[PDB]
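What follows is one structure encoded as structure tokens, with my remarks underneath.
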Amino acid sequence: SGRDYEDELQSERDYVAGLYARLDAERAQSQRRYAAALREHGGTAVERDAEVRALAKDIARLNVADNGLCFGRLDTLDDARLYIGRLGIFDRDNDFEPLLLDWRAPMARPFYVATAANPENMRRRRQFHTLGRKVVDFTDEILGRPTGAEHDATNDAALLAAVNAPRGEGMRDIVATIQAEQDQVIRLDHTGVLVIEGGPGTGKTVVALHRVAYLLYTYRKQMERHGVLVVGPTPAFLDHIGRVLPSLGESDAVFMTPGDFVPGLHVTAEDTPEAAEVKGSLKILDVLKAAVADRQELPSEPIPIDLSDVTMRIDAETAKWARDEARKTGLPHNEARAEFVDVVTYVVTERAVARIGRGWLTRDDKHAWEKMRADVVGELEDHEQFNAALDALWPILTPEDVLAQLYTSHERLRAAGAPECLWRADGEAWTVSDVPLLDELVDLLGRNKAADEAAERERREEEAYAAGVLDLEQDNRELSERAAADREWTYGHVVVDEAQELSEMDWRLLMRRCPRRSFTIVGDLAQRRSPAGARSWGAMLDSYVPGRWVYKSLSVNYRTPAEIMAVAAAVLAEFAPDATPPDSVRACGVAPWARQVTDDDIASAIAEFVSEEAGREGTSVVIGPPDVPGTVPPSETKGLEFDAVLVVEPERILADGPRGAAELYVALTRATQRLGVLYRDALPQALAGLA
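Under the deposited numbering, residues 2 to 473, 504 to 722 are what the sequence shown spells out, in order.
Pasting the structure below:
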């Protein structure tokens, strides 16, 4: 929040004001020539129409360009400013010297594809954060070595500069190694599935976003009409992403979590318990298929038919035959009602005419059509018993009700190979783990036709009666909204951060979303808090992308101090240890600390932290168990960073779960400058490092 930043912000605001002025003037003269061409134009009708349309396209392009004109700027090594935007603005006076580049130019390229190790000729890159016409703030991104940069929104520059480590080979001058790793991730040519499993303190999310920018520019022609689906653990993290997200020029993202994969409902992480780990697994499919067959109930008592002469014709033989044949076509349930009814009616008309009507003595022209027709019709209209009977046997049903009629009955459950740990009182306390079971069910059940016809009919005669009854579109919503309102959407790319928190069924859904398999999976298995988890990547991916997925890593740590992380090393030296130290560098000058609390001198101690951090200018979120007030769990800080962090009661949160020490290792690490702990009486003994 310095002063030089204010100077620069005002300068850039002035420049963008000038650009908007020129845009206003071009709209002015274009509307003027438009009015003119419209009135007379002098010439011919076809020339007139052509000029009209051309000026209309100009008007529209400029109108749109009013919303976030300048994306950012480039400073090259020869000190030549470049300004990037969604519109090219040149000065007709100085030989068309670019005042604003279009991002689609071969000269605005070192803004999507330039790194700090393979730049093109650049020294810097700025992004501007606009609302509609105003430059709120900006962020520099130096393509080289930083010393101190006023504002970045991620402070990467001041951390990349405070790297104090022993002289020597020193991992090849720490900075260069980080930059080259990032370059490898971003300038990579796979256009398929990449994994960036790294760890804490290495900027894997920013790297993934730069990667997505590189891809959406390079292949902006297969994408640019598909989107970028970015899932995440929490909307806080998703807004963070949306806030430091690069251009994605003329494309649009769609943010999500596990919980809103469905059109319409936004589960607030009810988190059905660990037994639902059998839901984050593909075996469950059988259960669904077995719970969608127990709905083809077979008649035990014979259903009475009363077509004015006919005896009850449907019974275990008839229903069995029809259900078998309906299962004998290979297609959904609600579209299979068709064959069920075709067969029941076939065997209740052709096999009731020659019995109950009169009998035999006519082999044509009466049996074939007439009694055929009468029986058929009298049956098709019986919307009282015949149709109620079918709805009793072959019910037209929906995903939102099967889970409920299954998770409670305890008999339909047993008839599905299903276990009994998934039983719960309410059948609509929908959790995160039963979302992908609702998106999978719309594809087993599908969608009927008859009901839809009748429904839209009634709807038509309801919109026609409200206004006037004698009966006898263009909304071009933006990409995000046209997409999120459709599960039958195929994106062109998919980012996934903290992707270890997902389940086989989640990836099944995602890979049904992106068939191009252009994911950018981020994560760290050892930061997992989920009993469906990964425990390895090949598990979930080889089933979709075998041998065709790349695994890149980010080994160095610079965004998380070396002191804060020496402890988390031991906190992770448990759990079948792995490369737990990502070569921590950036030794700070502050060591962490501790404080022994009494029963309820607790708020009197967190308030000190809070009101002193208020004296700072950095985020200071506190973490703790749910019972305590004023402190949040460690599961909403899943993929964020803060400036100073205070975790209280390490042990209750450690024991909170089967993998709770992972929540602790997560929470000791969100910090980047300072960390404090408050322990009641005893430590988990892996925290002696704190004093």
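Positions of the beta carbon are idealized from the N, C-alpha and C atoms, including for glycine.
What does the Cβ neighbour count give for residue i, buried or exposed, with the cut at 16 atoms within 10 Å?
i, result
"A61", "exposed"
"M108", "exposed"
"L471", "exposed"
"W322", "exposed"
"residue 474", "Missing from the coordinates: residue 474, inside the break in the chain from 473 to 504."
"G469", "exposed"
"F238", "buried"
"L381", "exposed"
"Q223", "exposed"
"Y347", "exposed"
"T148", "exposed"
"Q128", "buried"
"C545", "buried"
"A38", "buried"
"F97", "exposed"
"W361", "exposed"
"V17", "buried"
"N64", "exposed"
"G243", "exposed"
"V137", "exposed"
"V268", "buried"
"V378", "exposed"
Can you give me the start and stop residues for the beta strand (DSSP E) that residue i sits inside?
i, result
"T650", "Counting along the chain, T650 falls outside any beta strand (DSSP E), and DSSP gives it neither H nor E."
"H130", "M123 to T131"
"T350", "Not the beta strand (DSSP E): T350 falls in the alpha helix (DSSP H), residues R338 to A353."
"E98", "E98 to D103"
"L677", "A675 to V679"
"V194", "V194 to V196"
Since residue i is in the alpha helix (DSSP H), which residue starts that stretch and which ends it?
i, result
"residue 497", "For the chain, the structure lists 473 followed at once by 504, and that leaves residue 497 out of the model."
"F238", "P236 to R244"
"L56", "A46 to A66"
"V208", "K205 to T219"
"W322", "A317 to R328"
"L471", "From DSSP, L471 is part of no alpha helix (DSSP H); its letter is neither H nor E."
"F112", "Where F112 is concerned, there is no enclosing alpha helix (DSSP H), given that its DSSP letter is neither H nor E."
"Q505", "From DSSP, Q505 is part of no alpha helix (DSSP H); its letter is neither H nor E."
"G19", "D5 to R40"
"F640", "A634 to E644"
"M596", "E594 to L603"
"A693", "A692 to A698"
Can you tell me which residues form a DSSP beta bridge with residue i?
i, result
"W624", "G707"
"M373", "In DSSP, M373 forms no bridge with anything."
"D453", "In the DSSP output, where bridge partners are listed per residue, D453 has none listed."
"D92", "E98"
"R74", "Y84 and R127"
"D138", "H130"
"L230", "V255 and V525"
"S615", "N588"
"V663", "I654"
Would you say residue i reaches chain C, if we count a Cβ-Cβ gap shorter than 7 angstroms as a contact?
i, result
"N68", "In summary, chain C is missing from the structure at hand, where a single protein chain is found."
Say the cut is 6 angstroms; is the CB of residue i nearer than that to a heavy atom of the ligand PLP?
i, result
"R124", "The ligand content of the structure shown is nil, which means the ligand PLP is not present either."
With a threshold of 8 angstroms, are at least 3 pairs of Cβ atoms found where one atom belongs to the segment 613-630 and the other to the segment 710-718?
yes
Along the chain, which unbroken stretches of the alpha helix (DSSP H) at least 4 residues long are found entirely within the segment 511-592?
535-544 and 569-572
At least three beta-carbon pairs within less than 8 angstroms, the segment 70-81 to the segment 174-187
no
The segment 586-594 / the segment 192-203 touching (three or more Cβ pairs under 8 angstroms):
yes
Report yes or no: do the segment 436-451 and the segment 388-405 share at least 3 C-beta pairs separated by less than 8 angstroms?
yes
With three or more C-beta pairs closer than 8 angstroms as the rule, is the segment 505-520 touching the segment 447-467?
no
So within the segment 252-307, which uninterrupted beta strand (DSSP E) runs reach at least 3 residues, ignoring any that extend past its ends?
254-257
Does the count of Cβ pairs from the segment 403-423 and the segment 303-321 closer than 8 angstroms reach three?
no
Does the count of Cβ pairs from the segment 452-459 and the segment 551-560 closer than 8 angstroms reach three?
no
Runs of alpha helix (DSSP H) lying entirely within the segment 386-422, each at least 4 residues, in chain order:
387-394 and 400-408
Spell out a yes or no on whether the segment 597-613 and the segment 223-235 are touching, meaning 3 or more CB-CB pairs, one atom from each, closer than 8 angstroms.
no
The segment 104-121 touching the segment 42-53, judged by at least three CB pairs closer than 8 angstroms:
no
Evaluate contact between the segment 560-577 and the segment 246-257, counting only Cβ atoms and requiring at least three cross-stretch pairs below 8 angstroms.
no
Between the segment 521-533 and the segment 651-661, do at least 3 Cβ pairs fall closer than 8 angstroms?
no
Taking 8 angstroms as the cut-off, does the segment 545-555 touch the segment 186-199 (at least 3 CB pairs, one atom from each stretch)?
yes
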